Structure formats: structure tokens, C-alpha cells
Amino acid sequence: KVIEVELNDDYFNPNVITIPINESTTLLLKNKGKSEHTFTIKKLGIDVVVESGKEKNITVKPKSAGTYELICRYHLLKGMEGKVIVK
């Protein structure tokens, strides 16, 4: 059920993630890059810092359908962004 998301230098893989509304979804965030990265969905108030070579789970339960910007706060300007779709 878990959705794996690779964080690397400097991209998300996958960069478009779809998750169900009013339900709980677990994301496994794996930072395989040399740099620290974040998994940030500001409109959902989500922000997780994942250290280089490490991994973290987050469980999300969105209440509003929509498409929300995903960024890394550290390497945004290298084009490190994506989308999370709640439907």
C-alpha cells in the first residue's frame, strides 16, 4: 500500500503522485542523493526533511481534493518539484 518516492539530486521520482481523498496513504521517502532534501507540500502543511542516504515514512490523510505543488525547499531552484493529486 505504501508509495515509494525517491529523492535524489535534484529530483523526485516519481514526481507526480496520486492519493485518495479522506483516506490514509503511507509514503516512504528515500533520499538517495548526496544533498539533504525535503518533501514539501505547503498547501497540505506537509514538510519532511530527509537526510542524505536515509529514509522516512509519512502517512497523509488529505481532506480536500485538488492538485498540490511538491517541492524540495533546499534545491527547488534546480527544478526539484512535482505534484501530489488528491482525488
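Values below: all heavy atoms of this structure, side chains included; hydrogens, waters and symmetry mates excluded. Sequence positions, counted from 1, serve as the residue numbers for this chain.
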Enquirer: In the hydrophobic clustering that connects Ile, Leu, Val, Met, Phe, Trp and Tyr at side-chain heavy-atom distances below 4.5 Å, which members other than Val16 occupy its cluster, ordered by chain and number?
Expert: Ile85
Enquirer: Output all residues satisfying side chain to side chain donor-acceptor pair (under 3.5 Å) with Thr26, sequence neighbours left out; order by chain, then residue number.
Expert: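 Residues passing side chain to side chain donor-acceptor pair (under 3.5 Å) with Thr26: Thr59.
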Enquirer: Of all residues at least two apart in sequence or in a different chain, which pass the salt bridge (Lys or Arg N to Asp or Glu O under 4.0 Å) check with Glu4?
Expert: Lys30
Enquirer: Can you tell me how far the OG atom of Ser24 sits from the NZ atom of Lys1, to the nearest 0.5 Å?
Expert: 11.5 Å
Enquirer: Considering residues at least two apart in sequence or located in another chain, which fulfil the side chain to side chain contact (heavy atoms under 4.5 Å, CB included) criterion with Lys63?
Expert: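 With neighbours one apart ignored, the set is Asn22, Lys61.
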Enquirer: Could I get the full list of side chain to side chain contact (heavy atoms under 4.5 Å, CB included) partners for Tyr68, not counting sequence neighbours?
Expert: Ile41, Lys43, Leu44, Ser64, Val86
Enquirer: I'd like to check the salt bridge (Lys or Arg N to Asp or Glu O under 4.0 Å) partners of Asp47; sequence neighbours left out, ordered by chain and number.
Expert: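 Partners of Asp47 by the salt bridge (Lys or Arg N to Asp or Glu O under 4.0 Å) criterion, ordered by chain and then number, come out as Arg73.
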Enquirer: Considering only residues two or more places apart or on different chains, which pairs with a residue in residues 74-87 satisfy salt bridge (charged side-chain N to carboxylate O under 4.0 Å, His left out)?
Expert: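 Qualifying pairs, neighbours excluded: none.
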Enquirer: Apart from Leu28 itself, which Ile, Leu, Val, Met, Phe, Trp or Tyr residues share its cluster (side-chain heavy atoms under 4.5 Å, direct or through members)?
Expert: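 Hydrophobic cluster check, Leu28: joined to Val2.
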Enquirer: Under a single-linkage rule joining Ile, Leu, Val, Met, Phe, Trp and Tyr whose side-chain heavy atoms are separated by less than 4.5 Å, which residues share a cluster with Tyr74?
Expert: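 Taking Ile, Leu, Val, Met, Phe, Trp and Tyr as members, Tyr74 shares its hydrophobic cluster with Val49.
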Enquirer: To the nearest 0.5 Å, what is the distance between CG on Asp10 and CG on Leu76?
Expert: 10.5 Å
Enquirer: Which distance, rounded to the nearest 0.5 Å, do you find between the CZ of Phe39 and the CD1 of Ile46?
Expert: 6.5 Å
Enquirer: Taking only residues two or more places apart in sequence, or in another chain, which ones meet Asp9 in a side chain to side chain contact (heavy atoms under 4.5 Å, CB included)?
Expert: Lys34, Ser35, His37
Enquirer: Not counting sequence neighbours, which residues clear side chain to side chain contact (heavy atoms under 4.5 Å, CB included) with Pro20? List them please.
Expert: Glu23, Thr25
Enquirer: Taking only residues two or more places apart in sequence, or in another chain, which ones meet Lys32 in a side chain to side chain donor-acceptor pair (under 3.5 Å)?
Expert: none
Enquirer: Is there side-chain contact between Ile19 and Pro62, with heavy atoms separated by less than 4.5 Å?
Expert: yes
Enquirer: Could you grab the distance from atom CD1 of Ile17 to atom CG of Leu70, nearest 0.5 Å is fine?
Expert: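 Rounded to the nearest 0.5 Å, the CD1-CG separation comes out at 6.0 Å.
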Enquirer: In terms of hydrophobic clusters joined by side-chain contacts under 4.5 Å, are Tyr11 and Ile71 together?
Expert: no
Enquirer: Does the side chain of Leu27 come within less than 4.5 Å of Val60's, by heavy atoms?
Expert: yes
Enquirer: Can you give me the closest heavy-atom contact between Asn8 and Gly33, atom names plus distance?
Expert: OD1-CA, 3.4 Å
Enquirer: Rounded to the nearest 0.5 Å, what's the gap from CE on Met80 to NE2 on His75? Could you check?
Expert: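 Reported to 0.5 Å precision, the distance equals 8.0 Å.
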Enquirer: What is the distance from atom OG1 of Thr38 to atom CG of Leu29, rounded to the nearest 0.5 Å?
Expert: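 One gets 10.0 Å once the value is rounded to the nearest 0.5 Å.
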Enquirer: Quick one: does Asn31's side chain have a donor or acceptor within less than 3.5 Å of a partner on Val50's backbone?
Expert: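 It does hold such a pair.
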